S.K.: 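First the structure, then my questions, so here it is.
Proteins get letters first, then strands, A, B, ... in listed order; numbering begins at 1 in each.
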Amino acid sequence: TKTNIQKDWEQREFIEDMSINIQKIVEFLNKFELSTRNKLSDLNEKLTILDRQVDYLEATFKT
Amino acid sequence: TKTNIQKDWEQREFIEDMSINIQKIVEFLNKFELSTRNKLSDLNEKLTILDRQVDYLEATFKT
Amino acid sequence: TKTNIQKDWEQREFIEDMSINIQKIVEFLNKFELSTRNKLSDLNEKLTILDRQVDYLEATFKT
Ligand SMILES: [Ca+2]
Ligand SMILES: [Ca+2]
Ligand SMILES: [Ca+2]
Ligand SMILES: [Ca+2]
Ligand SMILES: [Ca+2]
Ligand SMILES: [Ca+2]
């Protein structure tokens with residue numbers, strides 16, 4: 001119960017919307033890779049600072 | 001060596017399968033973003049607990 | 001100002017390129033999930049080693 005013109009418009013919109021969704025996925029991955037990398041960086045940095053604090057406490061106690 | 005009917009069916013299946021694959025990617029990203037966020041949460045929480053333990057040990061030793 | 005032959009070629013290339021981009025996204029997700037999992041592993045392992053070091057220092061001090 002759609003005309004050929006309506007059906008063709010809908011089929012093209014479906015394909016156009018996939019092109020948009022693929023771009024939205026790529027943009028999300030760019031943001032999420034950066035976010036994740038920064039968070040991992042920050043955790044590593046905090047662990048490195050705490051490791052130094054523990055090694056100094058060891059040295060102060062053992063001496 | 002395919003009829004027009006077979007070729008048209010295959011071309012449509014190809015496009016339909018892309019729509020399904022994009023949805024599978026979106027569902028995976030939803031799960032993976034949540035997983036990653038929770039794991040990062042848990043590591044931060046464990047580091048915060050260990051930091052408190054180290055600061056208390058410092059205070060007990062220095063005093 | 002394109003012939004029908006040119007327009008049909010371009011429309012098919014557009015759809016073919018989406019199939020390629022979806023595969024590139026899947027390949028990236030495979031690599032990024034593995035990378036992220038390994039990095040999280042490594043942070044957990046480093047925290048577990050530092051936790052053991054802190055517990056031993058506690059035991060040595062308290063005794
Ligand atoms: Ca549109
Ligand atoms: Ca349109
Ligand atoms: Ca189908
Ligand atoms: Ca079909
Ligand atoms: Ca091509
Ligand atoms: Ca082609």
S.K.: Do the charged groups of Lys31(C) and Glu27(C) touch, with an N to O distance under 4.0 Å?
M.R.: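 Answer for the salt bridge query: no.
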
S.K.: Cluster question for you: counting only ILVMFWY and a side-chain heavy-atom cut-off of under 4.5 Å, with indirect links fine, are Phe28(B) and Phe28(C) together?
M.R.: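 Yes: a chain of side-chain contacts under 4.5 Å links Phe28(B) to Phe28(C).
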
S.K.: Using the side chain to side chain contact (heavy atoms under 4.5 Å, CB included) rule, pick out the option among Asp51(B), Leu50(B), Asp55(B) that qualifies with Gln53(B).
M.R.: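 Of all the options given, the one that passes is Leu50(B).
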
S.K.: Apply side chain to side chain contact (heavy atoms under 4.5 Å, CB included) to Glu13(A) and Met18(A), showing your working.
M.R.: CA-CA 9 Å; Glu13(A) 284 301 311; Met18(A) 290 196 303; over 6 Å; no

S.K.: Counting only heavy atoms from other residues, nucleotides and ligands, does the tally under 6.0 Å from CG of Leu34(A) exceed 12?
M.R.: yes

S.K.: Salt bridge or not between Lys46(C) and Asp42(C)? Use side-chain N to carboxylate O under 4.0 Å.
M.R.: no

S.K.: Let me confirm one number: the CD1-OG distance from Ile15(B) to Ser19(C), rounded to the nearest 0.5 Å.
M.R.: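 Answer for the CD1-OG pair, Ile15(B) versus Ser19(C), is 10.5 Å.
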
S.K.: Just checking, is any N or O donor in the side chain of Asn21(A) or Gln23(B) under 3.5 Å from an acceptor N or O on the other one?
M.R.: no

S.K.: Under the side chain to side chain contact (heavy atoms under 4.5 Å, CB included) criterion, do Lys7(A) and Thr3(A) qualify, and how do the steps go?
M.R.: CA-CA 6 Å; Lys7(A) 288 175 186 313; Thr3(A) 62; over 6 Å; no

S.K.: Roughly how far apart are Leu47(B) CG and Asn44(A) CG, rounded to 0.5 Å?
M.R.: 10.5 Å

S.K.: Would you mind checking if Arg37(C) and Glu33(C) are paired as a salt bridge, meaning a charged N to carboxylate O distance below 4.0 Å?
M.R.: yes

S.K.: According to a 4.5 Å side-chain heavy-atom criterion applied to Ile, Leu, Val, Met, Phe, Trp and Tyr, with indirect links allowed, do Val26(C) and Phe14(B) form part of one hydrophobic cluster?
M.R.: yes

S.K.: I'd like to know whether CG of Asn4(A) has more than 12 heavy-atom contacts from other residues, nucleotides or ligands below 6.0 angstrom.
M.R.: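 Not more than 12 within 6.0 Å, no.
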
S.K.: By side chain to side chain donor-acceptor pair (under 3.5 Å), which residues pair with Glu10(C), not counting sequence neighbours?
M.R.: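 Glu10(C): side chain to side chain donor-acceptor pair (under 3.5 Å) contacts with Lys2(C), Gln6(C).
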
S.K.: Applying a strict under-4.5 Å side-chain criterion to I, L, V, M, F, W and Y, I'd like to know whether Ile49(B) and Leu57(A) cluster together.
M.R.: no

S.K.: Count I, L, V, M, F, W, Y as connected when their side-chain heavy atoms are under 4.5 Å apart, and connections chain through other members. Are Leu40(B) and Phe32(A) then in the same cluster?
M.R.: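 Hydrophobic grouping puts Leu40(B) apart from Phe32(A).
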
S.K.: Identify the two heavy atoms, one from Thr63(C) and one from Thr60(C), that lie closest to each other, and give their separation to 0.1 Å.
M.R.: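 Heavy-atom minimum between the residues: OG1-O, 3.3 Å.
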
S.K.: Please report the interatomic distance CD(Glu45(B)) to CG(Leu43(B)), rounded to the nearest 0.5 Å.
M.R.: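 Output value for this atom pair is 10.5 Å.
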
S.K.: Once rounded to the nearest 0.5 Å, what's the spacing between atom CD1 of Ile22(B) and atom CD1 of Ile22(A)?
M.R.: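 One finds 4.0 Å between CD1 of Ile22(B) and CD1 of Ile22(A).
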
S.K.: If you round to the nearest 0.5 Å, how far is CZ of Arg12(C) from CG of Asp8(C)?
M.R.: 5.0 Å

S.K.: Are there more than 12 heavy atoms of other residues, nucleotides or ligands under 6.0 Å from atom OH of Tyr56(B)?
M.R.: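 Check fails, neighbour count at 12 or below.
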
